[PDB]
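A.B. asks: Here's a structure for you.
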Amino acid sequence: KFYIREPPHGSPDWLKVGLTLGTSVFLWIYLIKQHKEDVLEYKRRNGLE
Amino acid sequence: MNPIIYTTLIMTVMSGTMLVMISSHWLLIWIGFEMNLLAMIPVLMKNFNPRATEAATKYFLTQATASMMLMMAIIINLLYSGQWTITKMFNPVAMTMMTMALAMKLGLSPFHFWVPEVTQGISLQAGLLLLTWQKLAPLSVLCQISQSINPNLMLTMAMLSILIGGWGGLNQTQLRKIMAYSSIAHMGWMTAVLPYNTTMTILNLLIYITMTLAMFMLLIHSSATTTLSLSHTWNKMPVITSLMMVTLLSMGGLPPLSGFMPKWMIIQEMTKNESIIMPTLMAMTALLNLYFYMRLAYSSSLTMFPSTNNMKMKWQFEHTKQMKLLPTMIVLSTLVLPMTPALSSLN
Amino acid sequence: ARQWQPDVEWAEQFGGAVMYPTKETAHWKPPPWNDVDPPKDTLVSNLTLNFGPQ
Amino acid sequence: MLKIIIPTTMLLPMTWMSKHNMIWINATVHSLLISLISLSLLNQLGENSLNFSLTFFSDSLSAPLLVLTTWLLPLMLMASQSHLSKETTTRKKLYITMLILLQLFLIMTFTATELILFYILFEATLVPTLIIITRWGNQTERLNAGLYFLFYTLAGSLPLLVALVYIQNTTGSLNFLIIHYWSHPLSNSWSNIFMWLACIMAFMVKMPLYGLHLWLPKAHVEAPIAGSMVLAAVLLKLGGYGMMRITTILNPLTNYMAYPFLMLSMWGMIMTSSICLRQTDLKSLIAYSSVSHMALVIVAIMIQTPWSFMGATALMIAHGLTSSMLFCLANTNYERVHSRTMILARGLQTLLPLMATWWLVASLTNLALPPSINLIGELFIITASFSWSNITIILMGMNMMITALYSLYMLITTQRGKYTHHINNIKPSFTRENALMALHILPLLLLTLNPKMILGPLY
Amino acid sequence: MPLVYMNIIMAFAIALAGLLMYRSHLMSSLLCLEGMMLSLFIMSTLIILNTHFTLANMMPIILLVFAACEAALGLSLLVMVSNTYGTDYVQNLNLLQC
Amino acid sequence: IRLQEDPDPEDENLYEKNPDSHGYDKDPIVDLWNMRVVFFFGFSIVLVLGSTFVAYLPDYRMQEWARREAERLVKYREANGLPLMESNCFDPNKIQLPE
Amino acid sequence: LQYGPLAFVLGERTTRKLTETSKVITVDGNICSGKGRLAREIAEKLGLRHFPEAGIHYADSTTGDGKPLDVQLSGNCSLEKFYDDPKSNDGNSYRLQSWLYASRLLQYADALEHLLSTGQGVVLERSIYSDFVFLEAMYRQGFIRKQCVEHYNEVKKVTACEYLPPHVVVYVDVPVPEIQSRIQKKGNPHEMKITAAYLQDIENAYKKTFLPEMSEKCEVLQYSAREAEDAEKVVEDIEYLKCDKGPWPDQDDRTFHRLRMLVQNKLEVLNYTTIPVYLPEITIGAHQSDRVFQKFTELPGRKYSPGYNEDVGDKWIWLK
Amino acid sequence: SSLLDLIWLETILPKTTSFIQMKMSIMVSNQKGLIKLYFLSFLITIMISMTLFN
Ligand SMILES: CCCCCCCCCCCCCCCCCC(=O)OC[C@H](COP(=O)([O-])OCC[N+](C)(C)C)OC(=O)CCCCCCCCCCCCCCCCC
Ligand SMILES: CCCCCCCCCCCCCCCCC[C@@H](O)O[C@H](CO[C@H](O)CCCCCCCCCCCCCCC)COP(=O)(O)OCC[N+](C)(C)C
Ligand SMILES: CCCCCCCC/C=C/CCCCCCCC(=O)OC[C@H](COP(=O)(O)OCCN)OC(=O)CCCCCCC/C=C/CCCCCCCC
Ligand SMILES: Nc1ncnc2c1ncn2[C@@H]1O[C@H](COP(=O)(O)OP(=O)(O)O)[C@@H](O)[C@H]1O
């Protein structure tokens, strides 16, 4: 307890932290899946594999 | 003004601009312009004072005259062609009227005085919105009707805009007037490249909008409207002054910053059309913009001006309100030169 | 023995109404700090009427 | 070239994550390591250049300049750590970051394989230099000096950008190999004359040419020690490197458009040496000496013979090292007495012996004393100019006489005589300063031992 | 082109010249601004009626609507200026300088 | 006076607190180690190792190879009466001049 | 969440929060009066929050830890030095006056924020509108200059033109001889060096300017020492002041919203306290400014934001 | 040093150009902000555009 008045960010905003981490994880998963699907579609269209 | 009224007026301005950008009918385009002006005037007059009232009056008069000329051009084009679709206009007189009306709306020289006058009259947020949105819409119309623009008239107005903006910004000391003259010069550049590559026009518009947003957000953060007011910011938060110095260097077109990309691409495109004197003059004239950017940078960041005594209390307190996307604007306005070939995606 | 930094003279150079003063520009003044000009003493000049006697 | 570029981009996080008292040590050690790594580029071929990839390539002209830059960075670090003791940790890190960015841009400039990328990088070298000058300069004139430097360089360089984009549109490529193998003669016409003017004038302003040089005294005198060291050693050589690279496509128009520039360079070399004879400021004297030497390099490039290019390269390297050493010596004497007047401090020969020895060696190398590489380059240029015409010998002889005169005048005024009676704050020379002088001078003598490493591709 | 269109275009040109040349009053300039849209309305309806553009007959009504919207905006700005300065003179709108 | 400004401080001497100072830093240990790393790395590593590396760089410029090739060509040409230096770089049979 | 436009459209309304007793009461008086005791008693009896006189280091008390900072980092002025040598050549008098005005402005902003966000009334031991009496007394005694007075007037205009006046102004009138007697009995040498004219000038400014000025805005209560010593009658008189001709009845929800948004932003409150007017008294050179700012950043809990100071015991920085 | 380096080489490129830019900047920015004046300028510009450009 150093501040006479409670700082606005004294405690982590757990809702915001969860939203941020979940959004990052979801975006990375979606990007990986999208790249996989794009590679497969390109292979199918150009008759490689 | 009530927050609901303010947000609905902002949404009406954006609705008018979107109507202009999505309409295929000249009457609907004119309706969009009228709605934009009607909802924009109270936004300028939000903070009531004689300066705000005078700025709103001058802006309204200029925009009303431009809209009347635009409607006359539409009617004349209808007379000689019987067409309402926005395409290559079928009458040179109607095209000249339309070009002059849109140039007056954009503030191109010799229709420029209202830009510094209104920008100095209105607050920082109002100036930001004014510059960005009210340059966004008429340039959309001009890009749509580019194939019938008279190159001589368009390039004359563009060169006049560049010269006048450089000289005015050179003389001014007020930050809002400096920003207005910078806007005039950048509008000159964009309209100069317009009759050759609307894609390059859009690229320059995007870069200019990013840089202007970053600069105006920094000015709002520092709460400075003059040069001396900005000269005290180094003693309270030197990070803002350093970021603003980098942004000012970018706005001058210094490599390898983002501001060099529009000038570089415009010079290349205009040279492709066997035009050399115009790109050379446009490149050489920008040194005035760079000079007054550098003069502003000396006062704020590269040197340390005298401070006052209550700055200690200002140190003790903290900046409460946050302007989101400011770091993104600062990054995108300084460090996107290697990503230049994305203009094909913009195409 | 230390790096030179701008002083009051430099600040006053940079803090006029406009750079490069002329006669008219010297006659000009810088804008107010809060953009609010002082109110003008405009006289109301209310209408005066003779209600009566006829 | 990535094995040299990436270590600098890793030097940046090292500088910004090091402890407050270890920044100079870390930066110096790893800069020396990067220089040692960059010494490998000196192994050049006898037929073609070293083409690493589609973006970066190395040549017998690019290699010595890269090695000079990588070797010059730690010396700038030493001088800066000398004169920036009271700065905060963040500002020290910012200064080191500016130096690192300047070195990175210089490396990419000298290794760029395309003219437009070369233009972008050699223009990008202005921003760190301008920040350094206008932020850490001592005098009030640093702002005006920065303005002069920036606007001279940019007014020179913008028509160069227009010319480069026009050449790309006309020919299809700005790649140096393509423009060399597919070069075509330049017909005598106004359009070709103005293209030649755009390119050559940009690089002449960068050189600088006589009549376009005021920014050089302004910037060099008013910049900090590191800025002065980098301005003369490397940043002046961008013009010469560009002119050597760009003159491939400008023939045969160069045979006729070189007369005004040759006359300007020769007569201004004489004039700037004479100016050095009557200078009341030591930094100004060194700056005008730099102007004279770069005017000689301009003469060599304009006459454009295989013997002139070799002399031009050797003179560029030698002048870079000598000018850096002279600026360092002047900065040490300035730190002693806090003034740049040349006659204020005298008797330094009897007040500081080893520093007087360093002064003597630097002055001997400044004038063309054989077998130094300064003399090698100057003699090659003089012989090529003699082949060009037989009065260039008259002009070169006058320049050499005045060069010896002003060099020994500076040495005698600063060192000989009797010490100033009232100046009693001249402490013994520091180990750091003596090591800086030794690291400046020994590579010069080693390059004298092995001269073919700095004679360019024409060797 | 008949002479009626000539006269209507001349009327619009006269109204435009009147707006661009102020004398003292902001109200007179607003009146000139209203005349321009009157001429535009007349020209548009003369063109539409002559060519039997049946669906275009609704355009002049929208033109009038936005004309009087602009008139309302100008009157609001004029009353604010009058409250500020005591007269609607355009000479008092000089606080801002170009 | 027109400001509340600090007076210009007196210049600081490193020898005052540390008589055996190399001039690198105020702290004696950091100063000594800065001197050690600078001297060792710079002089020893860079100077000695880079200079001997440059001295023993392989002959990629083909000076010795060119000398040997010239010796062989001179031997062959002088042993058969041919000119030592040809008068043409290319073959006039392969060059087709315009008429 | 923090108050803002979204909260306003959600429905948080100042008029709804007000409880008809949300009054701003300022107790004023000359040097060494019973105004402090009167303010304490009024705040206690009426249930209002008491804000003592806004002296130096009030901003220190309201930020970081409650402990006041060093004089070099907060105020750079001394009341003791002003008393001992009023006509110093270093601008101490006007530095002190400007810093005290800024402190009073900050305290008034805090009190207004408390009243608007809580509905409870506030009792200030002095306000912005009574601060100028010390400036007039200093100027008429020759302690400061006309340029200093003009700068104070500019700052006061552009700052206090935005805030609402107090509901109640209670002035305790004490004659100068009694003031000097109380000062002599207190025994503090620095204020024992106060001259008679300086005490008289404050009284003249209070009676001739402050009271006539505030009477037009709203009702003003004037009490002598004996009347002020009995606070029951003072509270009874305050309670039966049903008249209110000030702007508070005229205020609406939108105006209150703007006022709350202004007062909750302290940097926006103190925006015009540092305007580029280079008076020698208050101007600080570049080197001194940089050194003092470096020291302030070197302070324990000042380098980063309040939630991000590790050395004072803040955790979870990497997830904050 | 004096006549050429410090006087005339300064007068030709850097000083004359700067003086011209300053004069033109003063000329452009020396406006009283009168809508009558610059709207008359607008009328002149419109007539010039209509006639000169074909
Ligand atoms: C077939 C074999 C052929 C020969 C092969 C040789 C291989 C050598 C392999 C071991 C090398 C590493 C150990 C020795 C390192 C040098 C230490 C030394 O000499 O100190 C004595 C000198 C002198 O020591 P001193 O002066 O401190 O001590 C004197 C003695 N007392 C204690 C009494 C005072 O050390 C210094 O001056 C210290 C300076 C800093 C040293 C930092 C070393 C960092 C680690 C090594 C990095 C090497 C990178 C080289 C560049 C990259 C590769 C080219
Ligand atoms: C205190 C007293 C001082 C004087 C006494 C000192 C002690 C006696 C020293 C006497 C030396 C006198 C000169 C005699 C030198 C003998 C060695 C010399 O001859 O070798 C040269 C060696 O030359 C070296 O290459 C010189 C090294 C050059 C180093 C350049 C700088 C190193 C990096 C520094 C970074 C700075 C960069 C600067 C810009 C590039 C010759 O080259 P080369 O004949 O073929 O070598 C033969 C080996 N081969 C056949 C396999 C090739
Ligand atoms: C491009 C790169 C090519 C490949 C390069 C490979 C080589 C990698 C180079 C590694 C860098 C070498 C270390 C750099 C010098 C470190 C400086 C240093 O030692 O710090 C000083 C140090 C600690 O800081 P203080 O002075 O105490 O400050 C206290 C403040 N209150 O001083 C001391 O007290 C230490 C004394 C005893 C340590 C002796 C260290 C001797 C050096 C050898 C250690 C390295 C091990 C060898 C690894 C070889 C790897 C190939
Ligand atoms: N604006 C100001 N300028 C100068 N001095 C001030 C100012 N405000 C308060 N002071 C000083 O602060 C001190 C506060 O004393 P005060 O609280 O009035 O005593 P008491 O509580 O006995 O009435 C006074 O001596 C006064 O001189």
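Determined by electron microscopy, 3.1 Å, according to the entry header.
Every residue gets a Cβ built from N, Cα and C, even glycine.
In case it helps, Swiss-Prot gives these features for our protein:
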type: TRANSMEM; residues: B:3-23; note: transmembrane segment
type: TRANSMEM; residues: B:25-45; note: transmembrane segment
type: TRANSMEM; residues: B:59-79; note: transmembrane segment
type: TRANSMEM; residues: B:89-109; note: transmembrane segment
type: TRANSMEM; residues: B:149-169; note: transmembrane segment
type: TRANSMEM; residues: B:178-198; note: transmembrane segment
type: TRANSMEM; residues: B:200-220; note: transmembrane segment
type: TRANSMEM; residues: B:237-257; note: transmembrane segment
type: TRANSMEM; residues: B:274-294; note: transmembrane segment
type: TRANSMEM; residues: B:325-345; note: transmembrane segment
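Each of these features: where is it, how hidden is it, and who are its neighbours?
C.D. replies: Counting residues 6+ beyond its ends, the transmembrane segment (B:3-23) has Cβ neighbours under 8 Å at 29, 31-40, 42-43, 46, 86, 129, 133, 136-137, 140-141 in the same chain.
For the transmembrane segment (B:89-109), the list of distant contacts is 33, 62-63, 65-67, 69-70, 72-74, 76-77, 79-81, 83, 115, 134-135, 137-139, 141-142, 145, 148-150, 153-154, 157-158, 160-161, 163-165, 183-184, 187-188, 191: same-chain residues at least six beyond its ends, Cβ to Cβ under 8 Å.
Here the transmembrane segment (B:149-169) has Cβ contacts under 8 Å with residues 92, 95-96, 99, 103, 107-110, 112, 116, 142, 177-178, 180-189, 191-192, 194-195, 278, 281-282, 285-289, 292 of the same chain, all six or more residues outside its ends.
For the transmembrane segment (B:237-257), the residues of the chain that approach it from at least six positions outside its boundaries are 182, 211, 214-215, 218, 221-222, 230, 263, 286, 289-290, 293-294, 296-297, 300-302, 319, 330, 333-335, 337, judged by C-beta separation under 8 angstroms.
Tertiary proximity for the transmembrane segment (B:325-345) is limited to same-chain residues at least six positions away from its ends with a CB under 8 Å from its CB atoms, namely 199-200, 203, 207, 210-211, 213-214, 217-218, 221, 243, 246-247, 250, 255-261, 265.
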